[PDB]
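Written out below as structure tokens is the structure these notes cover.
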Amino acid sequence: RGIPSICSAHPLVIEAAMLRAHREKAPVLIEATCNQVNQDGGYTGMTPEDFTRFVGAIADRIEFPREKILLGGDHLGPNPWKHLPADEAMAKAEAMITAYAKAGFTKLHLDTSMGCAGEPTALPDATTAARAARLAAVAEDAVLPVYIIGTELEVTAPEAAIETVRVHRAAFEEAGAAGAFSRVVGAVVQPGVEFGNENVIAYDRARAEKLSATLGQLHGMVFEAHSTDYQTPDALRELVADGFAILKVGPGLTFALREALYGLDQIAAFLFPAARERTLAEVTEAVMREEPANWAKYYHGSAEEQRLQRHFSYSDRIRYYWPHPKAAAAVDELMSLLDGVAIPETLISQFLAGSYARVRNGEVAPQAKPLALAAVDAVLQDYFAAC
């Protein structure tokens with residue numbers, strides 16, 4: 001066994017993640033990031049409490065037990081306030097860690113490695129660790145939790161993996177956090193998986209053996225791996241076997257959701273060309289073009305290269321726009337225009353080819369929301385298969 005980590009904010013991805021877990025029949029790990037959700041609202045307007053009830057609302061809609069929902073916190077620390085001076089940056093890391101803890105979150109990733117201006121971008125290991133430890137000890141005071149430590153063509157040097165845990169260990173005792181340190185169940189390490197706009201680098205089992213073996217010196221500890229997105233089911237299975245046992249996927253999950261919605265967009269534009277002022281893709285493009293902040297740093301080059309990538313790239317920045325009012329309303333126009341409508345298999349074969357076999361076998365209903373979950377679930381299947 002290992003556990004799949006779902007860091008998506010998207011209601012349908014969560015619903016879909018839950019539905020698969022129910023099959024499986026085991027629990028579902030859902031994660032949020034420092035930036036995404038904190039006392040101040042993050043960029044979503046969601047405090048850790050907001051998130052906790054948001055996810056609960058979904059569970060109910062589909063009779064899924066809260067008992068089985070596991071809530072993570074990803075990259076917790078000074079990051080969302082790193083433009084500020086360190087003592088203040090860490091102050092907010094502190095208020096935030098409590099809000100999580102007091103909100104049920106039971107996986108806590110403590111990433112304190114970034115400089116707070118102005119300090120060198122990557123902090124020296126003792127400082128990194130002494131700050132990780134402070135947050136550990138504020139966590140405990142406010143309260144069950146487990147902890148993950150560490151940060152992310154690169155692969156992690158096996159030496160540094162152990163050193164990180166040496167130095168955190170020391171700093172946790174100096175702290176008198178030692179009791180939390182025993183509940184540190186993993187570290188973030190770069191096992192050698194990247195993905196670009198239009199290409200994936202697969203997990204090389206050879207290149208990460210020296211890293212994988214370090215896991216013998218680390219007792220009661222596995223590796224968390226980030227950016228397993230788009231990896232082949234095979235790669236996914238090897239990662240788990242070799243002890244990268246916590247697999248974070250996010251972008252891959254909303255990437256697939258997008259394809260389904262865009263398929264559904266084209267089915268709707270064909271069946272019902274009249275019923276729509278504008279296309280879901282037309283609106284998505286317009287909104288992205290109007291409010292570039294969330295894609296601007298990611299897609300570069302000619303205007304035509306930027307267009308392709310606004311919709312198609314594996315970085316999947318489009319995922320930050322699913323909440324923009326003009327875009328959430330286009331989705332609902334499209335979802336509701338296909339409500340009750342039994343899509344013909346033949347359109348499904350053209351436009352949502354990945355649900356075709358499943359539609360033939362009776363597994364998936366040929367209706368738009370089931371076809372959207374069906375897309376998500378295809379990614380999700382591979383993660384649980386590796387677990």
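Labels used: A, B, ... for chains in the order of the structure tokens, numbers from 1 for residues in each chain, and numbers from 1 for ligands as shown.
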
Tell me which protein, DNA and RNA residues are within 12 Å of segment 84-96 of chain A, counting only C-alpha atoms, leaving out same-chain ones fewer than 3 positions away, and put them as a PDB file with N, CA, C and O atoms, in the first residue's frame.
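The file below, result-v3.pdb, is the result:
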```pdb
ATOM      1  N   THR A  33      -3.096  23.931  -0.115  1.00  0.00           N
ATOM      2  CA  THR A  33      -1.765  24.586   0.092  1.00  0.00           C
ATOM      3  C   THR A  33      -1.856  25.891   0.862  1.00  0.00           C
ATOM      4  O   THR A  33      -2.840  26.591   0.760  1.00  0.00           O
ATOM      5  N   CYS A  34      -0.798  26.216   1.598  1.00  0.00           N
ATOM      6  CA  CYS A  34      -0.676  27.446   2.370  1.00  0.00           C
ATOM      7  C   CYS A  34      -1.356  28.607   1.691  1.00  0.00           C
ATOM      8  O   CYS A  34      -2.288  29.202   2.252  1.00  0.00           O
ATOM      9  N   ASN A  35      -0.870  28.904   0.478  1.00  0.00           N
ATOM     10  CA  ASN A  35      -1.406  29.923  -0.449  1.00  0.00           C
ATOM     11  C   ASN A  35      -2.897  29.838  -0.755  1.00  0.00           C
ATOM     12  O   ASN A  35      -3.602  30.841  -0.763  1.00  0.00           O
ATOM     13  N   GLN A  36      -3.352  28.626  -1.036  1.00  0.00           N
ATOM     14  CA  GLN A  36      -4.717  28.359  -1.424  1.00  0.00           C
ATOM     15  C   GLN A  36      -5.671  28.716  -0.279  1.00  0.00           C
ATOM     16  O   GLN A  36      -6.686  29.367  -0.514  1.00  0.00           O
ATOM     17  N   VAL A  37      -5.340  28.307   0.950  1.00  0.00           N
ATOM     18  CA  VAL A  37      -6.248  28.464   2.083  1.00  0.00           C
ATOM     19  C   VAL A  37      -5.529  28.741   3.393  1.00  0.00           C
ATOM     20  O   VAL A  37      -4.685  27.966   3.814  1.00  0.00           O
ATOM     21  N   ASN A  38      -5.873  29.852   4.036  1.00  0.00           N
ATOM     22  CA  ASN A  38      -5.264  30.233   5.307  1.00  0.00           C
ATOM     23  C   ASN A  38      -6.167  31.214   6.030  1.00  0.00           C
ATOM     24  O   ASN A  38      -7.163  31.634   5.462  1.00  0.00           O
ATOM     25  N   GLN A  39      -5.813  31.590   7.260  1.00  0.00           N
ATOM     26  CA  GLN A  39      -6.653  32.456   8.094  1.00  0.00           C
ATOM     27  C   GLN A  39      -7.138  33.689   7.369  1.00  0.00           C
ATOM     28  O   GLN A  39      -8.249  34.150   7.638  1.00  0.00           O
ATOM     29  N   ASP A  40      -6.297  34.209   6.466  1.00  0.00           N
ATOM     30  CA  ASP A  40      -6.553  35.463   5.742  1.00  0.00           C
ATOM     31  C   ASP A  40      -7.413  35.272   4.504  1.00  0.00           C
ATOM     32  O   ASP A  40      -7.788  36.258   3.855  1.00  0.00           O
ATOM     33  N   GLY A  41      -7.710  34.012   4.185  1.00  0.00           N
ATOM     34  CA  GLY A  41      -8.567  33.646   3.059  1.00  0.00           C
ATOM     35  C   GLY A  41      -7.811  33.009   1.901  1.00  0.00           C
ATOM     36  O   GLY A  41      -8.404  32.318   1.054  1.00  0.00           O
ATOM     37  N   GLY A  42      -6.498  33.239   1.866  1.00  0.00           N
ATOM     38  CA  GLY A  42      -5.656  32.780   0.751  1.00  0.00           C
ATOM     39  C   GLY A  42      -6.048  33.504  -0.521  1.00  0.00           C
ATOM     40  O   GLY A  42      -6.431  34.675  -0.466  1.00  0.00           O
ATOM     41  N   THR A  47     -10.822  29.995   4.641  1.00  0.00           N
ATOM     42  CA  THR A  47     -10.003  29.705   5.793  1.00  0.00           C
ATOM     43  C   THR A  47     -10.024  28.189   5.906  1.00  0.00           C
ATOM     44  O   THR A  47     -10.883  27.544   5.290  1.00  0.00           O
ATOM     45  N   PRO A  48      -9.093  27.611   6.687  1.00  0.00           N
ATOM     46  CA  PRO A  48      -9.075  26.154   6.826  1.00  0.00           C
ATOM     47  C   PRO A  48     -10.416  25.555   7.285  1.00  0.00           C
ATOM     48  O   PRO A  48     -10.689  24.373   7.021  1.00  0.00           O
ATOM     49  N   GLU A  49     -11.228  26.376   7.958  1.00  0.00           N
ATOM     50  CA  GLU A  49     -12.563  25.986   8.382  1.00  0.00           C
ATOM     51  C   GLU A  49     -13.485  25.961   7.170  1.00  0.00           C
ATOM     52  O   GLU A  49     -14.209  24.993   6.977  1.00  0.00           O
ATOM     53  N   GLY A  73      -2.557  19.476   4.545  1.00  0.00           N
ATOM     54  CA  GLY A  73      -2.129  20.855   4.368  1.00  0.00           C
ATOM     55  C   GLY A  73      -0.789  20.746   3.682  1.00  0.00           C
ATOM     56  O   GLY A  73       0.115  20.019   4.144  1.00  0.00           O
ATOM     57  N   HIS A  75       2.634  22.413   1.764  1.00  0.00           N
ATOM     58  CA  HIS A  75       3.556  23.545   1.856  1.00  0.00           C
ATOM     59  C   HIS A  75       3.086  24.563   2.891  1.00  0.00           C
ATOM     60  O   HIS A  75       2.764  25.687   2.525  1.00  0.00           O
ATOM     61  N   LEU A  76       3.042  24.186   4.165  1.00  0.00           N
ATOM     62  CA  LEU A  76       2.677  25.148   5.214  1.00  0.00           C
ATOM     63  C   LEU A  76       3.914  25.813   5.761  1.00  0.00           C
ATOM     64  O   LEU A  76       4.938  25.177   5.944  1.00  0.00           O
ATOM     65  N   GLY A  77       3.814  27.103   6.022  1.00  0.00           N
ATOM     66  CA  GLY A  77       4.978  27.894   6.408  1.00  0.00           C
ATOM     67  C   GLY A  77       4.861  29.333   5.964  1.00  0.00           C
ATOM     68  O   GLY A  77       3.761  29.807   5.709  1.00  0.00           O
ATOM     69  N   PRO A  78       6.002  30.043   5.858  1.00  0.00           N
ATOM     70  CA  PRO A  78       6.058  31.483   5.531  1.00  0.00           C
ATOM     71  C   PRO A  78       5.730  31.853   4.086  1.00  0.00           C
ATOM     72  O   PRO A  78       5.572  33.043   3.781  1.00  0.00           O
ATOM     73  N   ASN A  79       5.629  30.875   3.192  1.00  0.00           N
ATOM     74  CA  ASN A  79       5.456  31.173   1.761  1.00  0.00           C
ATOM     75  C   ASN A  79       4.458  32.275   1.376  1.00  0.00           C
ATOM     76  O   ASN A  79       4.788  33.131   0.573  1.00  0.00           O
ATOM     77  N   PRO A  80       3.229  32.264   1.925  1.00  0.00           N
ATOM     78  CA  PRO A  80       2.297  33.277   1.406  1.00  0.00           C
ATOM     79  C   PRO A  80       2.605  34.688   1.891  1.00  0.00           C
ATOM     80  O   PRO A  80       1.879  35.638   1.545  1.00  0.00           O
ATOM     81  N   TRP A  81       3.669  34.825   2.675  1.00  0.00           N
ATOM     82  CA  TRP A  81       3.991  36.101   3.285  1.00  0.00           C
ATOM     83  C   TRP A  81       5.463  36.307   3.209  1.00  0.00           C
ATOM     84  O   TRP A  81       6.025  37.056   4.011  1.00  0.00           O
ATOM     85  N   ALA A  99      -4.881  27.361  12.867  1.00  0.00           N
ATOM     86  CA  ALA A  99      -6.165  27.322  12.169  1.00  0.00           C
ATOM     87  C   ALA A  99      -6.350  25.949  11.526  1.00  0.00           C
ATOM     88  O   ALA A  99      -7.380  25.318  11.716  1.00  0.00           O
ATOM     89  N   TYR A 100      -5.328  25.463  10.834  1.00  0.00           N
ATOM     90  CA  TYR A 100      -5.355  24.101  10.305  1.00  0.00           C
ATOM     91  C   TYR A 100      -5.621  23.082  11.395  1.00  0.00           C
ATOM     92  O   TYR A 100      -6.595  22.319  11.338  1.00  0.00           O
ATOM     93  N   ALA A 101      -4.739  23.066  12.382  1.00  0.00           N
ATOM     94  CA  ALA A 101      -4.817  22.080  13.424  1.00  0.00           C
ATOM     95  C   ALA A 101      -6.218  22.078  14.035  1.00  0.00           C
ATOM     96  O   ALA A 101      -6.830  21.045  14.096  1.00  0.00           O
ATOM     97  N   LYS A 102      -6.725  23.246  14.429  1.00  0.00           N
ATOM     98  CA  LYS A 102      -8.054  23.400  15.032  1.00  0.00           C
ATOM     99  C   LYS A 102      -9.216  23.122  14.027  1.00  0.00           C
ATOM    100  O   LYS A 102     -10.411  23.284  14.363  1.00  0.00           O
ATOM    101  N   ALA A 103      -8.869  22.749  12.792  1.00  0.00           N
ATOM    102  CA  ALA A 103      -9.867  22.547  11.746  1.00  0.00           C
ATOM    103  C   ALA A 103      -9.902  21.096  11.313  1.00  0.00           C
ATOM    104  O   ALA A 103     -10.619  20.743  10.385  1.00  0.00           O
ATOM    105  N   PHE A 105      -7.423  19.193  10.104  1.00  0.00           N
ATOM    106  CA  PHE A 105      -6.353  18.786   9.205  1.00  0.00           C
ATOM    107  C   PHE A 105      -5.404  17.917   9.958  1.00  0.00           C
ATOM    108  O   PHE A 105      -4.938  18.303  11.008  1.00  0.00           O
ATOM    109  N   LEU A 108       0.190  17.402   7.909  1.00  0.00           N
ATOM    110  CA  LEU A 108       0.800  18.749   7.900  1.00  0.00           C
ATOM    111  C   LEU A 108       2.175  18.730   7.267  1.00  0.00           C
ATOM    112  O   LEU A 108       3.122  18.122   7.787  1.00  0.00           O
ATOM    113  N   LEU A 110       5.415  20.655   6.473  1.00  0.00           N
ATOM    114  CA  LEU A 110       6.087  21.809   7.013  1.00  0.00           C
ATOM    115  C   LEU A 110       7.266  22.172   6.135  1.00  0.00           C
ATOM    116  O   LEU A 110       8.351  21.561   6.212  1.00  0.00           O
ATOM    117  N   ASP A 111       7.043  23.173   5.298  1.00  0.00           N
ATOM    118  CA  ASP A 111       8.066  23.636   4.400  1.00  0.00           C
ATOM    119  C   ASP A 111       8.437  25.048   4.762  1.00  0.00           C
ATOM    120  O   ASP A 111       7.686  25.978   4.467  1.00  0.00           O
ATOM    121  N   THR A 112       9.601  25.195   5.380  1.00  0.00           N
ATOM    122  CA  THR A 112      10.095  26.466   5.892  1.00  0.00           C
ATOM    123  C   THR A 112      11.389  26.890   5.193  1.00  0.00           C
ATOM    124  O   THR A 112      12.159  27.689   5.713  1.00  0.00           O
ATOM    125  N   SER A 113      11.624  26.359   4.006  1.00  0.00           N
ATOM    126  CA  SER A 113      12.953  26.421   3.410  1.00  0.00           C
ATOM    127  C   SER A 113      13.212  27.697   2.627  1.00  0.00           C
ATOM    128  O   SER A 113      14.361  27.999   2.274  1.00  0.00           O
ATOM    129  N   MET A 114      12.146  28.439   2.347  1.00  0.00           N
ATOM    130  CA  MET A 114      12.263  29.652   1.543  1.00  0.00           C
ATOM    131  C   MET A 114      12.658  30.858   2.382  1.00  0.00           C
ATOM    132  O   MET A 114      12.249  30.990   3.522  1.00  0.00           O
ATOM    133  N   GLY A 115      13.467  31.723   1.816  1.00  0.00           N
ATOM    134  CA  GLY A 115      13.867  32.928   2.479  1.00  0.00           C
ATOM    135  C   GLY A 115      12.730  33.909   2.533  1.00  0.00           C
ATOM    136  O   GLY A 115      11.833  33.893   1.722  1.00  0.00           O
ATOM    137  N   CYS A 116      12.783  34.775   3.522  1.00  0.00           N
ATOM    138  CA  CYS A 116      11.785  35.786   3.724  1.00  0.00           C
ATOM    139  C   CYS A 116      12.612  37.005   3.552  1.00  0.00           C
ATOM    140  O   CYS A 116      13.693  37.079   4.055  1.00  0.00           O
ATOM    141  N   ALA A 117      12.168  37.950   2.774  1.00  0.00           N
ATOM    142  CA  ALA A 117      13.086  38.992   2.402  1.00  0.00           C
ATOM    143  C   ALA A 117      13.604  39.867   3.480  1.00  0.00           C
ATOM    144  O   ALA A 117      12.862  40.341   4.277  1.00  0.00           O
ATOM    145  N   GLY A 118      14.887  40.163   3.384  1.00  0.00           N
ATOM    146  CA  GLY A 118      15.656  39.470   2.390  1.00  0.00           C
ATOM    147  C   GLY A 118      16.708  38.580   2.979  1.00  0.00           C
ATOM    148  O   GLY A 118      17.608  39.008   3.641  1.00  0.00           O
ATOM    149  N   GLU A 119      16.604  37.319   2.622  1.00  0.00           N
ATOM    150  CA  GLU A 119      17.471  36.278   3.056  1.00  0.00           C
ATOM    151  C   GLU A 119      17.601  35.464   1.843  1.00  0.00           C
ATOM    152  O   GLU A 119      16.719  35.454   1.018  1.00  0.00           O
ATOM    153  N   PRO A 120      18.663  34.718   1.751  1.00  0.00           N
ATOM    154  CA  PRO A 120      18.929  33.975   0.544  1.00  0.00           C
ATOM    155  C   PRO A 120      17.758  33.127   0.269  1.00  0.00           C
ATOM    156  O   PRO A 120      17.198  32.603   1.164  1.00  0.00           O
ATOM    157  N   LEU A 123      17.032  28.963   2.323  1.00  0.00           N
ATOM    158  CA  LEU A 123      17.624  29.019   3.629  1.00  0.00           C
ATOM    159  C   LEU A 123      18.534  27.871   3.890  1.00  0.00           C
ATOM    160  O   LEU A 123      18.356  26.803   3.368  1.00  0.00           O
ATOM    161  N   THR A 127      18.316  26.849   9.799  1.00  0.00           N
ATOM    162  CA  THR A 127      17.235  27.801   9.886  1.00  0.00           C
ATOM    163  C   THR A 127      15.920  27.230   9.398  1.00  0.00           C
ATOM    164  O   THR A 127      14.931  27.293  10.058  1.00  0.00           O
ATOM    165  N   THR A 128      15.962  26.611   8.242  1.00  0.00           N
ATOM    166  CA  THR A 128      14.888  25.837   7.700  1.00  0.00           C
ATOM    167  C   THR A 128      14.314  24.961   8.810  1.00  0.00           C
ATOM    168  O   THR A 128      13.112  24.957   9.022  1.00  0.00           O
ATOM    169  N   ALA A 130      14.867  24.800  12.297  1.00  0.00           N
ATOM    170  CA  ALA A 130      14.415  25.476  13.491  1.00  0.00           C
ATOM    171  C   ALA A 130      13.020  26.124  13.309  1.00  0.00           C
ATOM    172  O   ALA A 130      12.240  26.221  14.262  1.00  0.00           O
ATOM    173  N   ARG A 131      12.716  26.561  12.088  1.00  0.00           N
ATOM    174  CA  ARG A 131      11.418  27.124  11.785  1.00  0.00           C
ATOM    175  C   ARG A 131      10.389  26.014  11.605  1.00  0.00           C
ATOM    176  O   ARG A 131       9.219  26.171  11.975  1.00  0.00           O
ATOM    177  N   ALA A 132      10.810  24.887  11.052  1.00  0.00           N
ATOM    178  CA  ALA A 132       9.888  23.772  10.864  1.00  0.00           C
ATOM    179  C   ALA A 132       9.427  23.338  12.233  1.00  0.00           C
ATOM    180  O   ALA A 132       8.239  23.152  12.462  1.00  0.00           O
ATOM    181  N   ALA A 133      10.395  23.228  13.140  1.00  0.00           N
ATOM    182  CA  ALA A 133      10.154  22.859  14.534  1.00  0.00           C
ATOM    183  C   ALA A 133       9.254  23.829  15.303  1.00  0.00           C
ATOM    184  O   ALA A 133       8.427  23.388  16.105  1.00  0.00           O
ATOM    185  N   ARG A 134       9.399  25.127  15.075  1.00  0.00           N
ATOM    186  CA  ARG A 134       8.514  26.014  15.753  1.00  0.00           C
ATOM    187  C   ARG A 134       7.098  25.669  15.356  1.00  0.00           C
ATOM    188  O   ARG A 134       6.225  25.587  16.215  1.00  0.00           O
ATOM    189  N   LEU A 135       6.858  25.458  14.065  1.00  0.00           N
ATOM    190  CA  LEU A 135       5.482  25.228  13.613  1.00  0.00           C
ATOM    191  C   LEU A 135       4.931  23.894  14.137  1.00  0.00           C
ATOM    192  O   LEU A 135       3.752  23.791  14.485  1.00  0.00           O
ATOM    193  N   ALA A 136       5.799  22.894  14.221  1.00  0.00           N
ATOM    194  CA  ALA A 136       5.457  21.649  14.848  1.00  0.00           C
ATOM    195  C   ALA A 136       4.911  21.875  16.276  1.00  0.00           C
ATOM    196  O   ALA A 136       3.875  21.322  16.661  1.00  0.00           O
ATOM    197  N   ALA A 137       5.600  22.714  17.041  1.00  0.00           N
ATOM    198  CA  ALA A 137       5.312  22.905  18.453  1.00  0.00           C
ATOM    199  C   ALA A 137       4.159  23.834  18.678  1.00  0.00           C
ATOM    200  O   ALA A 137       3.661  23.929  19.790  1.00  0.00           O
ATOM    201  N   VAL A 138       3.736  24.548  17.645  1.00  0.00           N
ATOM    202  CA  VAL A 138       2.575  25.412  17.772  1.00  0.00           C
ATOM    203  C   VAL A 138       1.426  24.527  17.400  1.00  0.00           C
ATOM    204  O   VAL A 138       0.316  24.675  17.923  1.00  0.00           O
ATOM    205  N   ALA A 139       1.720  23.566  16.524  1.00  0.00           N
ATOM    206  CA  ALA A 139       0.720  22.621  16.039  1.00  0.00           C
ATOM    207  C   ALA A 139       0.222  21.830  17.215  1.00  0.00           C
ATOM    208  O   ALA A 139      -0.970  21.866  17.515  1.00  0.00           O
ATOM    209  N   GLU A 140       1.158  21.160  17.887  1.00  0.00           N
ATOM    210  CA  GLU A 140       0.872  20.350  19.079  1.00  0.00           C
ATOM    211  C   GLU A 140       0.106  21.120  20.145  1.00  0.00           C
ATOM    212  O   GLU A 140      -0.842  20.595  20.712  1.00  0.00           O
ATOM    213  N   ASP A 141       0.505  22.355  20.426  1.00  0.00           N
ATOM    214  CA  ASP A 141      -0.150  23.093  21.493  1.00  0.00           C
ATOM    215  C   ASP A 141      -1.635  23.243  21.202  1.00  0.00           C
ATOM    216  O   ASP A 141      -2.475  23.147  22.086  1.00  0.00           O
ATOM    217  N   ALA A 142      -1.947  23.451  19.938  1.00  0.00           N
ATOM    218  CA  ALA A 142      -3.300  23.666  19.517  1.00  0.00           C
ATOM    219  C   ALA A 142      -4.095  22.369  19.462  1.00  0.00           C
ATOM    220  O   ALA A 142      -5.268  22.410  19.077  1.00  0.00           O
TER     221      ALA A 142
END
```

- Taking the backbone alone, and naming residues the way the document does, which bits of segment 173-322 of chain A are strand (DSSP E or B) by DSSP, as a list in words?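 In segment 173-322 of chain A, DSSP puts these residues in strand (DSSP E or B): residues 184, 185, 186, 187, 188, 194, 195, 200, 201, 222, 223, 224, 225, 244, 245, 246, 247, 248 and 249 of chain A.
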
- Message: Can you pull out the residues contacting residue 292 of chain A? Cut-off 10 Å, using only C-alpha atoms, and skip same-chain residues under 5 positions away; I want them as a ChimeraX atom specification.
- Response: /A:287,297,310

- Would you list the contacts of segment 337-349 of chain A as a VMD selection string, taking every protein, DNA or RNA residue within 9 Å and counting only C-alpha atoms, but skipping same-chain residues closer than 2 positions in sequence? chain A and resid 263 to 264 267 to 268 272 275 332 to 335 351 to 357 359 to 360 365 to 369 371

- Find the residues around residue 284 of chain A up to 7 Å (only C-alpha atoms counted), leave out those fewer than 4 positions away in its own chain, and share them as a PyMOL selection string. chain A and resi 280+288+327

- Tell me, as a PyMOL selection string, which residues lie within 9 Å of segment 208-210 of chain A, counting only C-alpha atoms; anything in the same chain fewer than 2 positions away does not count. chain A and resi 155-158+191-192+203-206+212-214+242

- Residues at most 10 Å from residue 199 of chain A, counting only C-alpha atoms, excluding those fewer than 2 positions away in the same chain, as a list in words?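 The residues satisfying every condition are residues 194, 195, 196, 197, 201, 202, 230, 313 and 314 of chain A.
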
If you keep C-alpha atoms, can you produce a file of those selected residues as a PDB file, in the first residue's frame?
```pdb
ATOM      1  CA  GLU A 194       9.182  16.353 -14.330  1.00  0.00           C
ATOM      2  CA  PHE A 195       6.475  17.477 -16.795  1.00  0.00           C
ATOM      3  CA  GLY A 196       6.617  20.415 -19.265  1.00  0.00           C
ATOM      4  CA  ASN A 197       4.020  22.157 -21.436  1.00  0.00           C
ATOM      5  CA  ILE A 201       9.695  12.729 -18.171  1.00  0.00           C
ATOM      6  CA  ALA A 202       9.030   9.219 -16.874  1.00  0.00           C
ATOM      7  CA  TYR A 230       0.604  12.537 -16.158  1.00  0.00           C
ATOM      8  CA  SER A 313      -0.538  22.722 -21.672  1.00  0.00           C
ATOM      9  CA  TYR A 314       0.150  20.168 -18.972  1.00  0.00           C
TER      10      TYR A 314
END
```

- Note on the structure: Using only C-alpha atoms, the shortest atom-to-atom distance to residue 219 of chain A among A:375, A:187, A:193, A:331 belongs to A:187

- Top pick for closest residue to residue 241 of chain A, considering A:83, A:144, A:172, A:222 and counting only C-alpha atoms: A:222

DSSP on the backbone: which residues in segment 2-199 of chain A end up as alpha helix (DSSP H)? Give the answer as a compact mmCIF listing (two decimals) with C-alpha atoms, in the first residue's frame.
```txt
# COMPACT_ATOMS: atom_id res chain seq x y z
CA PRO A 11 -15.72 20.35 -6.47
CA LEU A 12 -16.06 17.74 -9.24
CA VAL A 13 -12.53 16.42 -8.73
CA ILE A 14 -13.22 16.08 -5.02
CA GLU A 15 -16.60 14.33 -5.67
CA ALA A 16 -14.78 12.10 -8.14
CA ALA A 17 -11.93 11.37 -5.76
CA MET A 18 -14.38 10.43 -3.09
CA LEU A 19 -16.42 8.13 -5.43
CA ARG A 20 -13.31 6.15 -6.33
CA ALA A 21 -12.18 5.81 -2.71
CA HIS A 22 -15.63 4.46 -1.95
CA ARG A 23 -15.00 1.78 -4.51
CA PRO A 48 -9.08 26.15 6.83
CA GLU A 49 -12.56 25.99 8.38
CA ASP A 50 -14.25 27.06 5.13
CA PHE A 51 -12.41 24.27 3.33
CA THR A 52 -13.42 21.75 5.93
CA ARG A 53 -17.11 22.32 5.34
CA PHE A 54 -16.78 22.84 1.60
CA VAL A 55 -15.36 19.29 1.34
CA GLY A 56 -18.02 18.10 3.82
CA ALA A 57 -20.86 19.47 1.67
CA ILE A 58 -19.73 17.32 -1.29
CA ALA A 59 -19.49 14.23 0.94
CA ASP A 60 -23.08 14.62 1.96
CA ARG A 61 -24.46 15.22 -1.56
CA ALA A 86 10.98 36.82 8.74
CA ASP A 87 9.72 37.38 12.25
CA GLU A 88 6.40 38.63 10.83
CA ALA A 89 6.34 36.02 8.05
CA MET A 90 6.81 33.27 10.64
CA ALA A 91 4.16 34.93 12.89
CA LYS A 92 1.54 34.25 10.26
CA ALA A 93 2.90 30.83 9.56
CA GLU A 94 2.06 30.38 13.25
CA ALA A 95 -1.54 31.66 13.23
CA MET A 96 -2.08 29.57 10.14
CA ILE A 97 -0.73 26.30 11.49
CA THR A 98 -3.19 26.64 14.45
CA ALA A 99 -6.17 27.32 12.17
CA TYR A 100 -5.36 24.10 10.30
CA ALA A 101 -4.82 22.08 13.42
CA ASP A 125 19.41 23.91 6.71
CA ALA A 126 19.44 24.81 10.39
CA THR A 127 17.24 27.80 9.89
CA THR A 128 14.89 25.84 7.70
CA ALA A 129 14.66 23.23 10.45
CA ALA A 130 14.42 25.48 13.49
CA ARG A 131 11.42 27.12 11.79
CA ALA A 132 9.89 23.77 10.86
CA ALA A 133 10.15 22.86 14.53
CA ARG A 134 8.51 26.01 15.75
CA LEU A 135 5.48 25.23 13.61
CA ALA A 136 5.46 21.65 14.85
CA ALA A 137 5.31 22.90 18.45
CA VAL A 138 2.58 25.41 17.77
CA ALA A 139 0.72 22.62 16.04
CA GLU A 140 0.87 20.35 19.08
CA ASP A 141 -0.15 23.09 21.49
CA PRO A 158 20.51 10.32 -0.98
CA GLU A 159 22.92 12.00 1.39
CA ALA A 160 20.68 15.16 1.63
CA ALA A 161 17.59 13.07 2.26
CA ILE A 162 19.10 11.66 5.50
CA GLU A 163 20.75 14.99 6.41
CA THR A 164 17.42 16.76 6.22
CA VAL A 165 15.99 14.34 8.72
CA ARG A 166 19.10 14.54 10.90
CA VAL A 167 18.91 18.31 11.11
CA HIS A 168 15.13 18.44 11.63
CA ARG A 169 15.41 15.81 14.36
CA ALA A 170 18.03 17.84 16.28
CA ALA A 171 16.04 21.04 15.84
CA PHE A 172 12.86 19.30 17.08
CA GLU A 173 14.42 18.30 20.33
CA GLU A 174 16.08 21.70 20.75
CA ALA A 175 12.54 22.77 20.32
CA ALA A 178 10.25 15.60 20.00
CA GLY A 179 6.86 14.06 20.41
CA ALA A 180 5.69 15.57 17.12
CA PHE A 181 8.88 14.43 15.39
```

- Between atom CA of residue 376 of chain A and atom CA of residue 149 of chain A, measure the distance and give it in Å to one decimal.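 About the pair atom CA of residue 376 of chain A and atom CA of residue 149 of chain A: they are 29.0 Å apart.
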
- Taking into account only C-alpha atoms, which residue in the set A:247, A:185, A:330, A:211 is nearest to residue 4 of chain A?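 Of A:247, A:185, A:330, A:211, the one nearest residue 4 of chain A is A:247, counting only C-alpha atoms.
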
- Which value, in Å to one decimal, gives the distance between atom CA of residue 207 of chain A and atom CA of residue 154 of chain A?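 Going from atom CA of residue 207 of chain A over to atom CA of residue 154 of chain A covers 10.3 Å.
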
- Message: Ranking A:273, A:104, A:301, A:250 by minimum distance to residue 319 of chain A and counting only C-alpha atoms, which one comes first?
- Response: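 Of all the options, A:250 lies closest to residue 319 of chain A.
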
- Query: Interatomic distance between atom CA of residue 147 of chain A and atom CA of residue 186 of chain A?
  - Reply: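 Computing the Euclidean distance for atom CA of residue 147 of chain A and atom CA of residue 186 of chain A yields 6.9 Å.
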